[PDB]
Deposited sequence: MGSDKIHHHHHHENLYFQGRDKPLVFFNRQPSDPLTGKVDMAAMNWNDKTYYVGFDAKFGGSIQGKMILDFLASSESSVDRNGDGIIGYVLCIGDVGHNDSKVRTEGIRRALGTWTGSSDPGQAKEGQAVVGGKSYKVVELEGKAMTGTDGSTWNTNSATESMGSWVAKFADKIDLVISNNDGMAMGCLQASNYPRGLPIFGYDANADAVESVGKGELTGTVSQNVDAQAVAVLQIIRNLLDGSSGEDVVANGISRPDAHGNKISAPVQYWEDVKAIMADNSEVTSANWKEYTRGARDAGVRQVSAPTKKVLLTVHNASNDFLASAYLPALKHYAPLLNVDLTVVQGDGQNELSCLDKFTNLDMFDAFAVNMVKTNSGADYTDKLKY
């Protein structure tokens, strides 16, 4: 068939190269995701810009060193390693390894002056039960870090929000000690608003949600070429709607990729629980039917963040959204519910196996 087909959240590929056979299903096929590989770089940037804007006061003991402690989530997990590498490279403490204990003396500018940077300690947070990204171990480690390093700690850095909020639960957390996380969880963004957590990082789920719906509307409304991926996304559409977060377009892979955004005192209100893009308003237009797929009904992120975003923005773009969800293990749990395709004007597919692009395009021929 020749209807719009927007893959999202999981990019068609070998589980490593993009499945360009799927992407070229037709000239109305796209992918929507986010700039994942650069996530660590953005956390690092946030931390560097914070220090750059700081006075000499952030150097608590005034030894000309910016000392930090690092919460590692999982030494074998890609997201942990990317975020560790991201902040270590940014601070110049990177040696080629994301492992704990593997850092060198670094450098960073504070108030126009060069400071040494030392990773006082980086530690994997693991529970007694073996569970990783462990919040309780973070709380305990933070408490011990205060006792051991005391005024040497100038900031705390964490692979995620969960562990960072764990650190803030330490009964002896030094008052006003800067600390940074990652994920932009609700409680984390709230903390940023209260001036406790210093920063975190968002993948902009809302931007991704709107982009899926906007690409579809642009296509069904008769747009072609640059308009399809720009209107309502990186510039206002005919109605004035426009995604607020920055978004990229990767042409060779037909991918609309939201930036990773840092979340600080400067913009936390835009990322709090239930916050929605004020740049996307109700449109007066004919209703269009969209069948949307979810690879796992039990996935917390898709269930708690992505789907609710989709359901909020869809009626504003006059999209009648029908959602079907799989179990998370077999591709059939989605394909079976991927029927009645003659009833819909467009399709958004989130498959469990990235290489299963051909299974869906086959059903689009009947």
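Coordinate coverage of the deposited sequence is interrupted at 1 to 19, 35 to 36, where no C-alpha atom was modelled.
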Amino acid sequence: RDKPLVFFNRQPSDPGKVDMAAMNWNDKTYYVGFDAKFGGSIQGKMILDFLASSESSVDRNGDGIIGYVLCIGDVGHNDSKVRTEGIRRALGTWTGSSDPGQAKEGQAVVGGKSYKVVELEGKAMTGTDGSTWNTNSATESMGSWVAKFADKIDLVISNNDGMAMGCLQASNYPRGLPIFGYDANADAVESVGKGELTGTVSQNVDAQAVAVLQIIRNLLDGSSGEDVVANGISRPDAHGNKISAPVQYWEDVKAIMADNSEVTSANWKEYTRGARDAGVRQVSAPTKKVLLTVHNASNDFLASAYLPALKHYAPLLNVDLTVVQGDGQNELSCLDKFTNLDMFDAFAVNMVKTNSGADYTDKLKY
From here on, numbers count along this sequence of modelled residues.
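Two stretches are in play, 184 to 192 and 282 to 290, and the higher mean C-alpha B-factor belongs to 282 to 290. Just going by the entry, 202 to 210 versus 250 to 258 on mean CA temperature factor gives the higher value to 250 to 258. For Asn231, the recorded CA temperature factor ranks within the lowest third of the chain's modelled residues.
The deposited CA B-factor of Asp59 belongs to the middle third of values across its chain. In the PDB entry, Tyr31 places in the middle third of its chain by CA B-factor. Per the deposited record, the Cα B-factor of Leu341 falls in the highest third when ranked against the other modelled residues of its chain. In the deposited entry, the Cα temperature factor of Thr128 sits in the top third of values across the chain's modelled residues.
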